[PDB]
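In structure tokens, the next block holds one chain alone, the form solved without its partner chain.
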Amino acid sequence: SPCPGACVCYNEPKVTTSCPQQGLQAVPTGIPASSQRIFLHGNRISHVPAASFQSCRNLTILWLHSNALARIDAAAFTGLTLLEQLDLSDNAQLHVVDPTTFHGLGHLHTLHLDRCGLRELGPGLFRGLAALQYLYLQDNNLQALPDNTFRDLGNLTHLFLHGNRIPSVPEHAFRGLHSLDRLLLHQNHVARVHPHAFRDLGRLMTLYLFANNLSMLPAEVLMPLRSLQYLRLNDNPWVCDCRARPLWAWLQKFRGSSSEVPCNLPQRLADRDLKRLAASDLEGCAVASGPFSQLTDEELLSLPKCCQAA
């Protein structure tokens, strides 16, 4: 089959059908089945039917970023067993992706879902993608991080989740990520992290948690991070008292580079780095919940265990 209109087809280095920066409001008909690389970025494609791309059995790279995508059929990528790169980024209209869209893509190693406005990550959305190494989910509308979302992503090295409305980190949210190298979770709403949440992140070297809503960090949370060399806890409402003691001992016994850990409370130790603080500064308590040692024994029950010291 000859090359379709408003397109350029060539064979070197791979059989490529290139139709970018056109006025195409949909996928052009007549794309050669021999295509290994398809470039349809910079257009105005609204929908991606299931019939399209099926002919291209040998398709390895597919670019559909910077379009007007709003609805992708669940069987659109059926038959593309050799698909390696899939870029669907910069599609703010694409608010939701059907959980069975990526089934069968066992060769996919890079996936772009950034700047799409994804509200949620559907159950089984990343099931069976055991070859995925780069997953871009940054700058979406994600406001939840469900357990076992990346359970099958054992080869994943880069996971970008920054720029979302993610409120907390459940225990099994990052389970299965044994080969994770960099984890970017900055500019979210993270205020709570489970003690055994980084259970499998032993090979993690980079962890970005800055610009969040964290007030404290448990004792067992940073324990499994044996390979961590870069850590950033900038821009967080840290509370510097007895509850910050397990974090302080960790920051002290840490060789890798880490950003500043600015205190927010109490005002006495405000703006100072928890790193440089001494063991004496980490006693008593600071104001939490209702603003105010005139608290009753019942009232201090709503305070940390160390904070309840007599």
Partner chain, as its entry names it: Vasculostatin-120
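Residue numbers count along the first chain shown, from 1.
Here the subject shifts to the form solved in complex with its partner chain, a form of this protein not shown in this document.
In the deposited bound form, no heavy atom of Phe126 sits within 4.5 Å of its partner chain.
Although the partner is absent here, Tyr208 is a contact residue: one of its heavy atoms lies within 4.5 angstroms of its partner chain in the deposited bound form. Taking the partner from the other structure, its partner chain in the deposited bound form has a heavy atom within 4.5 Å of a heavy atom of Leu184. The closest non-hydrogen atom of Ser258 lies within 4.5 Å of its partner chain in the deposited bound form. If you check its partner chain in the deposited bound form, you find a heavy atom from every one of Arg115, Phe160 and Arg232 within 4.5 Å. Only one of 237-245, 45-53, 30-38, 250-258 lies within 4.5 Å of its partner chain in the deposited bound form by heavy atoms, and it is 250-258.
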